[PDB]
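Enquirer: Have a look at the structure that comes next, please.
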Amino acid sequence: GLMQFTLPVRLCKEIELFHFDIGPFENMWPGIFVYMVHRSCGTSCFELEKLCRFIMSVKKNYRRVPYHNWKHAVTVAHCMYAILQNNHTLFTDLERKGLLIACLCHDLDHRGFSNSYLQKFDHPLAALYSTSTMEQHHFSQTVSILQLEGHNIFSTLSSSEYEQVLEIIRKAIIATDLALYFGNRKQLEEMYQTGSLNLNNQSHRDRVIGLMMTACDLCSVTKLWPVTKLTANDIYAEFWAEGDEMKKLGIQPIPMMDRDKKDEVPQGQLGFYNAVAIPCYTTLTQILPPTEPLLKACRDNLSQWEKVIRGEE
Ligand SMILES: O=c1ccn(-c2cccc(OC(F)(F)F)c2)nc1-c1ccnn1-c1cc(F)ccc1F
Ligand SMILES: [Mg+2]
Ligand SMILES: [Zn+2]
C-alpha cells in the first residue's frame with residue numbers, strides 16, 4: 001500500500017500533458033502505466049502483484065509489428081489518462097478502472113492487418129467475427145488474460161460491478177473500430193447541437209466513451225511534429241505490408257496501402273486530418289472542454305503536412 005511509484009522529474013511533469021511521448025525505454029513503460037493507474041484510479045483499485053502480472057501477460061500478447069505494438073497500447077493508455085485527469089469529476093470509479101485497462105488491451109494480438117484484409121484473405125477470425133473482426137478478438141484476448149491464474153485484477157469487485165466493468169471494456173474496445181467512429185460522432189454532434197446530450201443517459205455515456213477511445217487511439221496526430229512525423233513512418237510500414245499482401249491475393253490495394261504511391265502520402269494525411277482526426281477532437285472538445293489541447297496539437301500537425309506538400313518541408 002505505501003509504495004508510491006515515482007518518475008524522474010521531467011517525466012513526472014510531462015506525463016500530465018496530452019502530447020507526452022513515453023520514450024524509447026521499453027522497460028519503463030509498465031511503471032509509467034502503474035503510475036497512471038495509481039494517480040487516475042487510486043493505489044487501492046488494484047492489488048499491485050496482480051496488476052504487474054496482468055500488464056506483463058498483456059505485453060507478451062502484443063506482437064513485434066511496426067505500429068500496432070506494446071508501445072501503441074501504452075501511448076493510447078496515456079492519452080486516456082490525460083483526459084480522465086483533465087475531467088476529474090465526470091467519470092465514475094469503475095469507468096476510470098475499466099478505460100485505462102481497455103486502452104492497454106484494445107489492440108491485443110494485432111497482426112498488423114485491417115479487418116478488410118482478414119475478410120479478403122478469408123481468415124478464420126473473419127468467420128468467427130463478421131463485423132469489427134480484430135476488435136472482437138482483442139476483447140476475447142483481454143478476457144482470456146483476466147482468466148489466467150493470479151491475473152484477475154477485478155477480483156475485489158462484486159458480481160454487479162464486475163459485469164459493469166467488463167461491459168465498459170467491451171464497448172470501449174469495440175468502439176476503436178474506425179468503421180464505427182463516423183456514425184457515432186455524427187450522432188454525438190447532432191445530440192450536442194440539439195441539446196439532447198445527457199451524461200445520465202447510459203446510452204449517451206457509451207457514445208461519449210466511444211469517441212474518447214477514437215481520440216486516444218488516433219493520438220499520434222496530437223503529438224509534437226517530430227513524433228507525429230516519425231510515427232507516420234511506422235503507420236505506413238504496416239499499410240504498405242498489407243498493400244503487398246493484397247497484391248499477392250491478386251487485388252490492387254487502395255493508394256494509402258500501395259508503396260508505389262509513396263509520393264501521395266502528404267495529401268493522404270490531409271484527407272485523414274480533414275475527414276477523421278479534426279472532426280474527432282472538435283466534437284470531443286465540445287463535449288469535454290478541457291481536451292482542447294488535442295484539437296490544437298492536431299490543427300498544428302495539419303498545418304505541418306500542408307507545409308510538406310508546399311515544398312516548405
Ligand atoms: O495516418 C493515417 C492515415 C490513414 N488512416 C486510416 C486508417 C483506417 C482507415 C482509413 O480510412 C478512412 F479514412 F476512411 F478511415 C484511414 N489512419 C491513420 C492514422 C493516424 C493515426 N492513427 N491512424 C491509424 C488508425 C487505425 F485505426 C489504423 C491504423 C492507423 F495508422
Ligand atoms: Mg485496433
Ligand atoms: Zn489502436
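For the C-alpha cells, the naming scheme is as follows: chains receive sequential letters (A, B, ...) according to their order of presentation, residues are indexed from 1 within each chain, and ligands are indexed from 1 in presentation order.
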Determine, counting only C-alpha atoms, which protein, DNA and RNA residues have an atom within 10 Å of an atom of residue A:211; residues of the same chain fewer than 5 positions away are not included. Present the result as a list in words.
Expert: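 Residues near the query, excluding close chain neighbours: residues 172, 175, 176, 180, 181, 182, 184, 185, 188, 205, 206, 216, 217, 280, 281, 283, 284 and 287 of chain A.
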Enquirer: Just write the chosen residues, C-alpha atoms, as an mmCIF file, in the first residue's frame.
Expert:
```cif
data_model
loop_
_atom_site.group_PDB
_atom_site.id
_atom_site.type_symbol
_atom_site.label_atom_id
_atom_site.label_comp_id
_atom_site.auth_asym_id
_atom_site.auth_seq_id
_atom_site.Cartn_x
_atom_site.Cartn_y
_atom_site.Cartn_z
ATOM 1 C CA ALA A 172 -14.616 0.719 -25.350
ATOM 2 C CA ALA A 175 -15.523 1.435 -30.447
ATOM 3 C CA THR A 176 -11.867 1.536 -31.676
ATOM 4 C CA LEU A 180 -17.970 2.628 -36.295
ATOM 5 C CA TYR A 181 -16.385 6.072 -35.485
ATOM 6 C CA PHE A 182 -18.156 8.122 -38.211
ATOM 7 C CA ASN A 184 -21.009 7.646 -33.612
ATOM 8 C CA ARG A 185 -19.508 11.154 -33.935
ATOM 9 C CA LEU A 188 -22.839 12.963 -30.828
ATOM 10 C CA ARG A 205 -22.201 7.933 -21.973
ATOM 11 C CA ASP A 206 -21.460 4.798 -24.090
ATOM 12 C CA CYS A 216 -6.914 8.174 -27.701
ATOM 13 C CA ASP A 217 -6.420 5.633 -30.483
ATOM 14 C CA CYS A 280 -12.982 13.754 -33.865
ATOM 15 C CA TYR A 281 -11.163 16.206 -31.475
ATOM 16 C CA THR A 283 -16.708 17.020 -31.191
ATOM 17 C CA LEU A 284 -14.593 15.813 -28.219
ATOM 18 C CA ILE A 287 -18.380 17.621 -25.079
#
```
Enquirer: Would you mind listing what lies within 12 Å of residue A:96 as a PyMOL selection string, with only C-alpha atoms counted and same-chain residues fewer than 3 positions away left out?
Expert: chain A and resi 36-42+45+77+80-85+87-93+99-103+165+168-169+209
Enquirer: Any chance you can output those residues with C-alpha atoms as a PDB file, in the first residue's frame?
Expert:
```pdb
ATOM      1  CA  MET A  36      -1.063   6.427 -14.235  1.00  0.00           C
ATOM      2  CA  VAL A  37      -3.470   3.886 -12.728  1.00  0.00           C
ATOM      3  CA  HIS A  38      -2.476   4.939  -9.159  1.00  0.00           C
ATOM      4  CA  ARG A  39      -2.899   8.676  -9.941  1.00  0.00           C
ATOM      5  CA  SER A  40      -6.079   8.193 -12.031  1.00  0.00           C
ATOM      6  CA  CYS A  41      -7.744   5.416 -10.074  1.00  0.00           C
ATOM      7  CA  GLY A  42      -6.000   5.060  -6.665  1.00  0.00           C
ATOM      8  CA  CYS A  45      -8.073  -0.009  -7.137  1.00  0.00           C
ATOM      9  CA  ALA A  77      -3.494   4.390 -22.266  1.00  0.00           C
ATOM     10  CA  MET A  80      -6.960   8.381 -21.768  1.00  0.00           C
ATOM     11  CA  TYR A  81      -5.061   9.111 -18.550  1.00  0.00           C
ATOM     12  CA  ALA A  82      -4.678  12.806 -19.613  1.00  0.00           C
ATOM     13  CA  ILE A  83      -8.440  13.035 -20.498  1.00  0.00           C
ATOM     14  CA  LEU A  84      -9.544  11.407 -17.195  1.00  0.00           C
ATOM     15  CA  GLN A  85      -7.170  13.634 -15.188  1.00  0.00           C
ATOM     16  CA  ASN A  87     -12.148  15.772 -16.424  1.00  0.00           C
ATOM     17  CA  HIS A  88     -11.798  14.648 -12.764  1.00  0.00           C
ATOM     18  CA  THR A  89     -15.439  14.737 -11.664  1.00  0.00           C
ATOM     19  CA  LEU A  90     -17.166  13.420 -14.865  1.00  0.00           C
ATOM     20  CA  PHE A  91     -16.271   9.710 -14.559  1.00  0.00           C
ATOM     21  CA  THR A  92     -17.399   7.030 -12.099  1.00  0.00           C
ATOM     22  CA  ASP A  93     -14.937   4.738 -10.216  1.00  0.00           C
ATOM     23  CA  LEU A  99     -10.945   2.550 -19.508  1.00  0.00           C
ATOM     24  CA  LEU A 100      -7.126   2.534 -18.800  1.00  0.00           C
ATOM     25  CA  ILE A 101      -7.198  -1.263 -18.885  1.00  0.00           C
ATOM     26  CA  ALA A 102      -9.346  -1.151 -22.023  1.00  0.00           C
ATOM     27  CA  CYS A 103      -6.819   1.213 -23.694  1.00  0.00           C
ATOM     28  CA  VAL A 165     -16.548  -3.076 -15.845  1.00  0.00           C
ATOM     29  CA  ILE A 168     -17.455  -0.892 -20.248  1.00  0.00           C
ATOM     30  CA  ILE A 169     -14.252  -2.525 -21.539  1.00  0.00           C
ATOM     31  CA  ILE A 209     -16.690   6.904 -24.127  1.00  0.00           C
TER      32      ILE A 209
END
```
Enquirer: Could you tell me which of A:212, A:157, A:295, A:218 comes closest to ligand 1 if we count only C-alpha atoms and all ligand atoms?
Expert: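 Between A:212, A:157, A:295, A:218, the residue approaching ligand 1 most closely is A:218.
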Enquirer: Which residues are near ligand 3 in this structure, taking near to mean any atom at most 7 Å from a ligand atom and counting only C-alpha atoms and all ligand atoms? Format them as a list in words.
Expert: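 I would give the residues around ligand 3 as residues 68, 72, 73, 106, 107, 176 and 217 of chain A.
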Enquirer: For each of A:2, A:238, A:47, A:130, take the minimum atom-to-atom distance to residue A:110, counting only C-alpha atoms, then give the residue where this is smallest.
Expert: A:238
Enquirer: Here is a test: counting only C-alpha atoms, which residue of A:21, A:95, A:109, A:264 is nearest to residue A:61?
Expert: A:109
Enquirer: Which residue is closest to residue A:119? Choose from A:19, A:249, A:54, A:313 and count only C-alpha atoms.
Expert: A:249
Enquirer: For residue A:51, which of A:294, A:145, A:79, A:12 is the closest residue, counting only C-alpha atoms?
Expert: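 Distance minimum relative to residue A:51 lands on A:145.
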Enquirer: When DSSP is applied to the backbone of this structure, which of stretch 67-275 of chain A are assigned helix (DSSP H, G or I)? Write them out as a count of residues only.
Expert: 155
Enquirer: Between A:156, A:6, A:252, A:69, which has the minimum distance to ligand 1 (counting only C-alpha atoms and all ligand atoms)?
Expert: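 Looking at the shortest contact to ligand 1, the residue is A:69.
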Enquirer: Hey, which bits of chain A sit within 9 Å of ligand 1, and for each residue what's the closest pair of atoms and how far apart in Å (one decimal), counting only C-alpha atoms and all ligand atoms, rows by chain and increasing number, as JSON lines?
Expert:
```
{"residue": "A:67", "atom": "CA", "partner": "ligand 1", "partner_atom_place_in_ligand_line": "31 (F)", "distance": 7.4}
{"residue": "A:68", "atom": "CA", "partner": "ligand 1", "partner_atom_place_in_ligand_line": "29 (C)", "distance": 7.8}
{"residue": "A:112", "atom": "CA", "partner": "ligand 1", "partner_atom_place_in_ligand_line": "29 (C)", "distance": 8.6}
{"residue": "A:113", "atom": "CA", "partner": "ligand 1", "partner_atom_place_in_ligand_line": "28 (C)", "distance": 8.7}
{"residue": "A:114", "atom": "CA", "partner": "ligand 1", "partner_atom_place_in_ligand_line": "28 (C)", "distance": 7.4}
{"residue": "A:176", "atom": "CA", "partner": "ligand 1", "partner_atom_place_in_ligand_line": "27 (F)", "distance": 7.1}
{"residue": "A:177", "atom": "CA", "partner": "ligand 1", "partner_atom_place_in_ligand_line": "27 (F)", "distance": 6.7}
{"residue": "A:178", "atom": "CA", "partner": "ligand 1", "partner_atom_place_in_ligand_line": "27 (F)", "distance": 5.5}
{"residue": "A:179", "atom": "CA", "partner": "ligand 1", "partner_atom_place_in_ligand_line": "15 (F)", "distance": 6.6}
{"residue": "A:181", "atom": "CA", "partner": "ligand 1", "partner_atom_place_in_ligand_line": "15 (F)", "distance": 8.7}
{"residue": "A:182", "atom": "CA", "partner": "ligand 1", "partner_atom_place_in_ligand_line": "15 (F)", "distance": 8.6}
{"residue": "A:214", "atom": "CA", "partner": "ligand 1", "partner_atom_place_in_ligand_line": "27 (F)", "distance": 8.4}
{"residue": "A:217", "atom": "CA", "partner": "ligand 1", "partner_atom_place_in_ligand_line": "22 (N)", "distance": 6.6}
{"residue": "A:218", "atom": "CA", "partner": "ligand 1", "partner_atom_place_in_ligand_line": "22 (N)", "distance": 4.2}
{"residue": "A:219", "atom": "CA", "partner": "ligand 1", "partner_atom_place_in_ligand_line": "21 (C)", "distance": 6.5}
{"residue": "A:220", "atom": "CA", "partner": "ligand 1", "partner_atom_place_in_ligand_line": "21 (C)", "distance": 5.5}
{"residue": "A:221", "atom": "CA", "partner": "ligand 1", "partner_atom_place_in_ligand_line": "21 (C)", "distance": 5.7}
{"residue": "A:228", "atom": "CA", "partner": "ligand 1", "partner_atom_place_in_ligand_line": "21 (C)", "distance": 8.7}
{"residue": "A:231", "atom": "CA", "partner": "ligand 1", "partner_atom_place_in_ligand_line": "21 (C)", "distance": 8.5}
{"residue": "A:232", "atom": "CA", "partner": "ligand 1", "partner_atom_place_in_ligand_line": "1 (O)", "distance": 6.3}
{"residue": "A:234", "atom": "CA", "partner": "ligand 1", "partner_atom_place_in_ligand_line": "31 (F)", "distance": 8.1}
{"residue": "A:235", "atom": "CA", "partner": "ligand 1", "partner_atom_place_in_ligand_line": "31 (F)", "distance": 4.4}
{"residue": "A:236", "atom": "CA", "partner": "ligand 1", "partner_atom_place_in_ligand_line": "31 (F)", "distance": 6.9}
{"residue": "A:238", "atom": "CA", "partner": "ligand 1", "partner_atom_place_in_ligand_line": "31 (F)", "distance": 7.9}
{"residue": "A:239", "atom": "CA", "partner": "ligand 1", "partner_atom_place_in_ligand_line": "31 (F)", "distance": 7.5}
{"residue": "A:256", "atom": "CA", "partner": "ligand 1", "partner_atom_place_in_ligand_line": "4 (C)", "distance": 7.1}
{"residue": "A:265", "atom": "CA", "partner": "ligand 1", "partner_atom_place_in_ligand_line": "3 (C)", "distance": 8.5}
{"residue": "A:268", "atom": "CA", "partner": "ligand 1", "partner_atom_place_in_ligand_line": "3 (C)", "distance": 6.7}
{"residue": "A:269", "atom": "CA", "partner": "ligand 1", "partner_atom_place_in_ligand_line": "3 (C)", "distance": 5.7}
{"residue": "A:270", "atom": "CA", "partner": "ligand 1", "partner_atom_place_in_ligand_line": "3 (C)", "distance": 8.9}
{"residue": "A:271", "atom": "CA", "partner": "ligand 1", "partner_atom_place_in_ligand_line": "13 (F)", "distance": 7.3}
{"residue": "A:272", "atom": "CA", "partner": "ligand 1", "partner_atom_place_in_ligand_line": "13 (F)", "distance": 5.2}
{"residue": "A:273", "atom": "CA", "partner": "ligand 1", "partner_atom_place_in_ligand_line": "1 (O)", "distance": 7.9}
{"residue": "A:275", "atom": "CA", "partner": "ligand 1", "partner_atom_place_in_ligand_line": "13 (F)", "distance": 6.5}
{"residue": "A:276", "atom": "CA", "partner": "ligand 1", "partner_atom_place_in_ligand_line": "13 (F)", "distance": 6.2}
{"residue": "A:277", "atom": "CA", "partner": "ligand 1", "partner_atom_place_in_ligand_line": "20 (C)", "distance": 7.8}
```
Enquirer: Could you save those same residues with N, CA, C and O atoms as a CSV table (one decimal), in the first residue's frame?
Expert:
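Contents of out_1.csv, freshly written:
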```
chain,number,residue,atom,x,y,z
A,67,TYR,N,3.7,-0.9,-35.9
A,67,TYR,CA,2.9,0.2,-35.3
A,67,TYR,C,2.0,-0.3,-34.2
A,67,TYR,O,2.0,0.3,-33.1
A,68,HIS,N,1.2,-1.3,-34.5
A,68,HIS,CA,0.2,-1.9,-33.6
A,68,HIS,C,0.9,-2.8,-32.5
A,68,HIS,O,0.6,-4.1,-32.5
A,112,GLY,N,-1.1,-6.7,-37.6
A,112,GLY,CA,-0.7,-5.5,-38.5
A,112,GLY,C,-1.6,-5.4,-39.7
A,112,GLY,O,-1.1,-4.9,-40.7
A,113,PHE,N,-2.8,-5.9,-39.6
A,113,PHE,CA,-3.6,-6.0,-40.9
A,113,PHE,C,-5.0,-5.5,-40.5
A,113,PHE,O,-5.5,-5.8,-39.5
A,114,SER,N,-5.7,-4.9,-41.5
A,114,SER,CA,-7.0,-4.4,-41.4
A,114,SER,C,-8.0,-5.5,-41.4
A,114,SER,O,-7.7,-6.6,-41.9
A,176,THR,N,-13.1,1.2,-31.0
A,176,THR,CA,-11.9,1.5,-31.7
A,176,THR,C,-11.9,1.0,-33.1
A,176,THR,O,-10.9,1.2,-33.8
A,177,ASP,N,-13.0,0.4,-33.5
A,177,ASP,CA,-13.2,0.0,-34.9
A,177,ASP,C,-13.5,1.3,-35.7
A,177,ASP,O,-14.7,1.8,-35.4
A,178,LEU,N,-12.6,1.9,-36.4
A,178,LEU,CA,-12.8,3.2,-37.1
A,178,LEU,C,-14.0,3.2,-38.0
A,178,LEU,O,-14.6,4.2,-38.2
A,179,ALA,N,-14.5,2.1,-38.6
A,179,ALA,CA,-15.7,2.0,-39.4
A,179,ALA,C,-16.9,2.5,-38.5
A,179,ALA,O,-17.8,3.1,-39.1
A,181,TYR,N,-16.6,4.7,-35.9
A,181,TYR,CA,-16.4,6.1,-35.5
A,181,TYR,C,-17.3,7.1,-36.1
A,181,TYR,O,-17.8,8.0,-35.5
A,182,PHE,N,-17.5,7.0,-37.5
A,182,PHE,CA,-18.2,8.1,-38.2
A,182,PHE,C,-19.6,8.3,-37.7
A,182,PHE,O,-20.1,9.4,-37.4
A,214,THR,N,-11.7,6.7,-29.7
A,214,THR,CA,-11.2,7.1,-31.0
A,214,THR,C,-10.1,8.1,-30.8
A,214,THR,O,-9.0,8.0,-31.3
A,217,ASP,N,-7.0,6.5,-29.4
A,217,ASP,CA,-6.4,5.6,-30.5
A,217,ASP,C,-5.7,6.4,-31.5
A,217,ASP,O,-4.7,5.9,-32.0
A,218,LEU,N,-6.1,7.6,-31.9
A,218,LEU,CA,-5.6,8.4,-33.0
A,218,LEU,C,-4.5,9.4,-32.5
A,218,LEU,O,-4.1,10.2,-33.4
A,219,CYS,N,-4.1,9.3,-31.3
A,219,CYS,CA,-3.4,10.4,-30.6
A,219,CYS,C,-2.0,10.6,-31.1
A,219,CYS,O,-1.3,11.6,-30.7
A,220,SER,N,-1.5,9.8,-32.0
A,220,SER,CA,-0.2,10.1,-32.7
A,220,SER,C,-0.2,11.4,-33.5
A,220,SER,O,0.9,12.0,-33.8
A,221,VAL,N,-1.4,11.8,-33.9
A,221,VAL,CA,-1.7,13.0,-34.7
A,221,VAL,C,-1.7,14.3,-33.8
A,221,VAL,O,-1.7,15.4,-34.3
A,228,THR,N,4.9,12.9,-34.4
A,228,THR,CA,3.8,12.7,-35.4
A,228,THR,C,4.4,12.2,-36.7
A,228,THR,O,4.0,11.2,-37.2
A,231,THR,N,6.2,8.7,-36.2
A,231,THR,CA,5.2,7.6,-36.0
A,231,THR,C,4.5,7.3,-37.4
A,231,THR,O,4.1,6.1,-37.6
A,232,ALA,N,4.4,8.3,-38.3
A,232,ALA,CA,3.7,8.1,-39.6
A,232,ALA,C,4.5,7.0,-40.4
A,232,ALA,O,3.9,6.2,-41.1
A,234,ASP,N,6.1,4.4,-39.2
A,234,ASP,CA,5.7,3.1,-38.6
A,234,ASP,C,4.3,2.8,-39.1
A,234,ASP,O,4.0,1.6,-39.4
A,235,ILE,N,3.4,3.8,-39.2
A,235,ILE,CA,2.0,3.5,-39.6
A,235,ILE,C,2.0,3.0,-41.1
A,235,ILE,O,1.4,2.0,-41.4
A,236,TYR,N,2.7,3.7,-41.9
A,236,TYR,CA,2.8,3.4,-43.4
A,236,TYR,C,3.6,2.1,-43.6
A,236,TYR,O,3.3,1.5,-44.7
A,238,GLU,N,3.2,-0.7,-42.0
A,238,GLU,CA,2.1,-1.7,-41.9
A,238,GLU,C,1.1,-1.5,-43.1
A,238,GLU,O,0.7,-2.5,-43.7
A,239,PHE,N,0.8,-0.3,-43.5
A,239,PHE,CA,-0.2,-0.1,-44.6
A,239,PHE,C,0.5,-0.7,-45.9
A,239,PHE,O,-0.3,-1.3,-46.7
A,256,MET,N,-3.4,4.4,-50.4
A,256,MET,CA,-2.9,4.5,-49.0
A,256,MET,C,-1.9,3.3,-48.6
A,256,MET,O,-1.0,3.5,-47.9
A,265,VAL,N,1.5,10.3,-50.0
A,265,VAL,CA,1.3,10.3,-48.5
A,265,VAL,C,0.8,11.6,-48.0
A,265,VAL,O,-0.2,11.7,-47.3
A,268,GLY,N,-2.7,12.3,-48.7
A,268,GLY,CA,-3.5,11.3,-48.0
A,268,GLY,C,-3.7,11.6,-46.5
A,268,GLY,O,-4.7,11.3,-45.9
A,269,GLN,N,-2.7,12.2,-45.9
A,269,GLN,CA,-2.7,12.7,-44.5
A,269,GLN,C,-3.7,13.9,-44.3
A,269,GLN,O,-4.5,13.8,-43.4
A,270,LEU,N,-3.7,14.8,-45.3
A,270,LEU,CA,-4.6,16.0,-45.3
A,270,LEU,C,-6.1,15.5,-45.1
A,270,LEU,O,-6.8,16.0,-44.3
A,271,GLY,N,-6.4,14.5,-46.0
A,271,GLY,CA,-7.7,13.9,-46.0
A,271,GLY,C,-8.1,13.3,-44.7
A,271,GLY,O,-9.2,13.5,-44.2
A,272,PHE,N,-7.2,12.6,-44.1
A,272,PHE,CA,-7.4,11.8,-42.8
A,272,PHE,C,-7.6,12.8,-41.7
A,272,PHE,O,-8.5,12.7,-40.8
A,273,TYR,N,-6.8,13.9,-41.7
A,273,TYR,CA,-7.0,15.0,-40.7
A,273,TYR,C,-8.3,15.7,-41.0
A,273,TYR,O,-9.0,16.0,-40.0
A,275,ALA,N,-11.1,14.6,-42.8
A,275,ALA,CA,-12.2,13.6,-42.7
A,275,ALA,C,-12.3,13.0,-41.3
A,275,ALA,O,-13.4,12.6,-40.9
A,276,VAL,N,-11.2,12.8,-40.6
A,276,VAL,CA,-11.2,11.9,-39.4
A,276,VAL,C,-10.8,12.7,-38.2
A,276,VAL,O,-11.6,12.8,-37.2
A,277,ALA,N,-9.5,13.1,-38.1
A,277,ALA,CA,-8.9,13.5,-36.8
A,277,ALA,C,-9.5,14.8,-36.4
A,277,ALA,O,-10.0,14.9,-35.2
```
Enquirer: Rounded to one decimal place, report the atom CA of residue A:17-atom CA of residue A:297 distance in Å.
Expert: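 Atom CA of residue A:17 sits 11.4 Å away from atom CA of residue A:297.
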Enquirer: As an exercise, work out the distance from atom CA of residue A:59 to atom CA of residue A:171 in Å and give it to one decimal place.
Expert: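 We find that atom CA of residue A:59 and atom CA of residue A:171 lie 21.6 Å from each other.
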Enquirer: Need to verify the contact set: residue A:124, 12 Å, only C-alpha atoms, exclusion of same-chain residues closer than 5 positions in sequence. Can you return it as a CSV table (one decimal) with N, CA and C atoms, in the first residue's frame?
Expert:
```csv
chain,number,residue,atom,x,y,z
A,115,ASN,N,-9.2,-5.2,-40.9
A,115,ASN,CA,-10.4,-6.1,-41.0
A,115,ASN,C,-10.6,-6.5,-42.4
A,118,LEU,N,-8.3,-9.3,-43.6
A,118,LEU,CA,-8.7,-10.6,-42.9
A,118,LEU,C,-9.9,-11.1,-43.7
A,119,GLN,N,-10.8,-10.3,-44.1
A,119,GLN,CA,-12.0,-10.7,-44.8
A,119,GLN,C,-11.7,-11.2,-46.2
A,129,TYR,N,-16.0,-13.6,-36.4
A,129,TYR,CA,-16.5,-12.2,-36.1
A,129,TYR,C,-16.6,-11.5,-37.5
A,130,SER,N,-17.9,-11.4,-37.9
A,130,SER,CA,-18.2,-10.9,-39.3
A,130,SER,C,-18.1,-9.4,-39.3
A,133,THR,N,-14.0,-7.3,-36.8
A,133,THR,CA,-13.3,-8.6,-36.7
A,133,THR,C,-12.2,-8.5,-35.6
A,134,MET,N,-11.2,-7.8,-35.8
A,134,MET,CA,-10.0,-7.7,-34.9
A,134,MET,C,-10.5,-7.2,-33.6
A,137,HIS,N,-11.8,-9.9,-31.4
A,137,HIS,CA,-10.6,-10.8,-31.0
A,137,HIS,C,-9.9,-10.1,-29.9
```
Enquirer: Grab the atom CA of residue A:108 to atom CA of residue A:207 distance for me, in Å with one decimal place.
Expert: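 Result for atom CA of residue A:108 versus atom CA of residue A:207: 22.3 Å, one decimal.
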Enquirer: Which neighbours of residue A:197 fall inside 10 Å, counting only C-alpha atoms, when residues of the same chain fewer than 5 positions from it are skipped, and could you give them as a list in words?
Expert: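 Residues near the query, excluding close chain neighbours: residues 187, 188, 189, 190, 191, 192, 204, 205, 208 and 287 of chain A.
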